[PDB]
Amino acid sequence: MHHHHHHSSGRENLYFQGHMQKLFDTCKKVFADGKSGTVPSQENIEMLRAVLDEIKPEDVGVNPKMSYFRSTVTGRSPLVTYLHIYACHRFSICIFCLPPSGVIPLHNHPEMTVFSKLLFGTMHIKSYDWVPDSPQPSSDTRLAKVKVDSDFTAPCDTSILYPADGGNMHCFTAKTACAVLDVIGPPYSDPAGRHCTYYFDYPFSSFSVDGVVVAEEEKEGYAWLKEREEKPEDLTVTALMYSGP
């Protein structure tokens, strides 16, 4: 939903100070080692989480008065603006700017570890993980366990998702203007087989499949997720390079 944007990957010239400089230096260490998709060491995860947990929106130069947090479009949900900070083959750092009612629709992060901090605003998050080795009603629909279903109002601390835990499938819906700082390791890559897949979600009771038995009081904790094709409305838009007078 941003991996189509053209950016200078591995850019040589950067200008960061303070917390952003520390964040960048920490990411270079945290994500450097092992084959693609390697989850960083637990010590390095804790280090990066703590660096991110010191960061306030002012430290990364965003505030809710910026134009990125307002949309006038009608017929669809508000445009979400992508602010590129840095990317290379091992990780990306970026900020998503959601006007009220902006959405990043339900999607996965295959082989990816993602650190996320809500910088300001009230955001609803729904997230899931697959139930491994479970029956399916159809090839494109799979059983998932609900992990998060809550509003978050900043100030908030950093969360983490893993390739197969911590809510690898999630949907973000802004209730007020929101800014989210994400560190994504590694980024999506269609050439590398890390596609961004989107889903429609359904209550457990919407599909009755043989070989699946869930107790009554646990059913609300599960969902069926159906793969669906990316739509133009899913995609974030670029920020203006030059914003004028």
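Position 1 is the first residue in the sequence shown; the rest follow in order.
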property: Per the entry, higher mean C-alpha B factor between 46-54 and 211-219; result: 211-219
property: Given 119-127 and 137-145, the range whose Cα B-factors average higher in the PDB entry; result: 137-145
property: Out of 81, 150, 74, 108, highest CA B-factor residue; result: 74
property: Given 188, 202, 199, 31, the residue at which the Cα B factor reaches its maximum; result: 202
property: Relative C-alpha B-factor of residue 14, binned into the chain's lowest, middle or highest third; result: highest
property: Third of the chain's Cα B-factor distribution that residue 102 belongs to, per the entry; result: middle
property: Lowest, middle or highest third - CA B-factor, residue 181; result: lowest
